[PDB]
Amino acid sequence: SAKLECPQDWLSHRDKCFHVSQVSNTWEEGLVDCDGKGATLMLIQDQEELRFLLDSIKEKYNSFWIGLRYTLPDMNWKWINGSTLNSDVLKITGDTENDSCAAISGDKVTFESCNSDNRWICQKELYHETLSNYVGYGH
């Protein structure tokens, strides 16, 4: 769609706005930082998303956490919203079996122990009221 309004620091792209925080935190901690604004830790759908990231990244020679968590036991990458990773866009090894959480580092995506001091990317999705689903359960 045409995107709704988001705070000025947040780079606006197809219905989502990004804050490329050049300050470091741990993965879960950066996630909480996104929670703090009423936003989410970056949820990537397609490579169009990341290509705009590469524009907004600016530095590249850093690493910025996105909402990619490696869920074990399962061995798939899931997002914080509960979606499945599109590993086909860039280098994100699915079968790694490590304590990994992923971060943008340059034109690549890298992954390491979620506890590493790294910067992060918050996205505030302009469409967060898209599908809430359920009326609870059905009582």
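Peer 1: Help me understand empty space enclosed by the protein, please; the structure alone is not making it clear to me.
Peer 2: The method is simple in principle: a probe with the dimensions of a water molecule rolls over the atoms, and the space it marks as empty is what remains. Going through the model one piece at a time under the given rule, you end up with 1 cavity of 30 Å³ or more. If you add up the space inside the largest cavity, you get close to 40 Å³. Residue lining of the largest cavity: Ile-44, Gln-45, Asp-46, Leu-50, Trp-79, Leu-85, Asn-86, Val-89 and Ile-92, and that is the complete set. Split into classes, the residues belonging to the lining of the largest cavity amount to 6 nonpolar, 2 polar and 1 charged.

Peer 1: Please clarify how the environment of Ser-105 should be interpreted in this entry.
Peer 2: With respect to the element layout, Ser-105 can be found in strand β6 (residues 100-105). Taking the relative accessible area as the measure of exposure, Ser-105 reaches 22% and is therefore partly exposed. A distance of 2.9 Å separates polar atoms of two side chains, one belonging to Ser-105 and the other to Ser-63.

Peer 1: Quick question: what am I supposed to make of the packing of aromatic side chains here?
Peer 2: For any pair of aromatic rings, the description rests on two quantities: the centre-to-centre distance and the angle between the ring planes. With the rule as written, the count across this model stands at 3 aromatic pairs. Centroid distance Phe-18 to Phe-52: 5.9 Å. Interplanar angle 50 degrees. Geometry classified as tilted. Note that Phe-18 is positioned in strand β2 (residues 16-25) and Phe-52 in helix α2 (residues 47-57), a separation of 34 residues in sequence. Overall, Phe-18 belongs to the buried group, its relative accessible area being 0%. The exposure class of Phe-52 is partly exposed, given its relative accessible area of 24%. Sitting over the face of the ring of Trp-10, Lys-124 holds its NZ or CZ atom 5.4 Å from the ring centroid.

Peer 1: Whenever I open this one, the pairing of β6 confuses me. Can you help?
Peer 2: The element β6 is extensively covered by neighbouring structure, given that 5 of its 6 residues are classed as buried. Sheet topology note: the strand β4 (residues 64-71)/β6 ladder contains 3 bridges and is antiparallel. Across the sheet, residue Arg-69 finds its bridge partner in β6, namely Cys-101. As judged from the 6 bridges shared by β6 and strand β7 (residues 108-113), these two strands associate in the antiparallel manner. Paired with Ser-105 across the bridge in β7 is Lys-108. What sits between β6 and β7 in their antiparallel hairpin is a turn of 2 residues, with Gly-106 showing a positive phi close to 90 degrees.

Peer 1: Whenever I open this one, the nonpolar core confuses me. Can you help?
Peer 2: The nonpolar side chains of soluble globular proteins are, as a tendency, buried together. Core analysis: the largest hydrophobic core is formed by 21 residues, its most contacted members being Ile-66, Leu-68, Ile-104 and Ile-121. Elements supplying a minimum of two residues to this core: β2, α2, β4, β5 (76-79) and β6. When residues in this core are grouped by element, the largest group, 4 residues, is from β4. Leave out the neighbours within four places in its chain, and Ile-104 touches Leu-50, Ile-57, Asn-62, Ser-63, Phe-64, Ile-66, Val-109 and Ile-121. Counting 15 residues, the second-largest nonpolar core is a separate cluster that includes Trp-27, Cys-34, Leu-41 and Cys-122.

Peer 1: Just checking my understanding: could you explain the side chain of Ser-100 for this structure?
Peer 2: Along the chain, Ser-100 falls in strand β6. Ignoring any residue separated from it by four or fewer positions in sequence, one finds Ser-100 in contact with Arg-69, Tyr-70, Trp-77, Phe-111, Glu-112, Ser-113 and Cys-114.

Quick notes on the rules
- In this document, residue positions are counted from 1 along each chain in sequence order, independent of how the entry numbers them, and residues without coordinates are left out.
- Hydrogens and waters are ignored; side-chain quantities use all the structure's heavy atoms.
- Of the grid points, spaced at 1 Å and generated over the protein atoms alone, those admitting a 1.4 Å probe that cannot get out make up cavities, while open sets with protein on both sides within 12 Å along at least five of seven lines make up pockets; any residue with an atom within 4 Å of a point is treated as lining.
- Grid points are joined across faces, edges and corners, and a volume is the space filled by probe spheres set on the points.
- Polar here means any residue outside two lists: the nonpolar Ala, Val, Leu, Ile, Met, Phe, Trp, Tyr, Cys and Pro, and the charged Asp, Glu, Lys and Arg; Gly therefore counts as polar.
- Where helices and strands are cited, they refer to DSSP runs of H or I of at least four residues and of E of at least two residues respectively, numbered from the N terminus.
- Residue burial is assigned from relative accessible area. The probe radius is 1.4 Å, only protein chains are included, and a residue is buried under 20% of its type maximum, exposed over 50%, and partly exposed in between.
- We define a polar contact as two N or O atoms separated by no more than 3.5 Å, with the added condition that, inside protein, one atom must be a possible hydrogen donor and the other a possible acceptor, whereas residues neighbouring each other in sequence contribute only through side-chain atom pairs.
- In summary, the pairing rule links any two rings of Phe, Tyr or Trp, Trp by its six-membered ring, whose centres are within 6.5 Å, and it sorts them by plane angle into stacked for under 30 degrees, edge-to-face for over 60 and tilted for everything else.
- By the criterion adopted, a ring carries a charge over it if an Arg CZ or a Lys NZ lies within 6 Å of its centre and within 35 degrees of its normal.
- A pair of strands is considered paired only if DSSP assigns at least 2 bridges between the two.
- We define the nonpolar core as a collection of buried residues of types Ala, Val, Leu, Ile, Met, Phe, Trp, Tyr and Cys that are connected through side-chain atoms lying within 4.5 Å of one another.
- Here, two residues are considered to be in contact whenever any of their heavy atoms come within 4.5 Å of each other.

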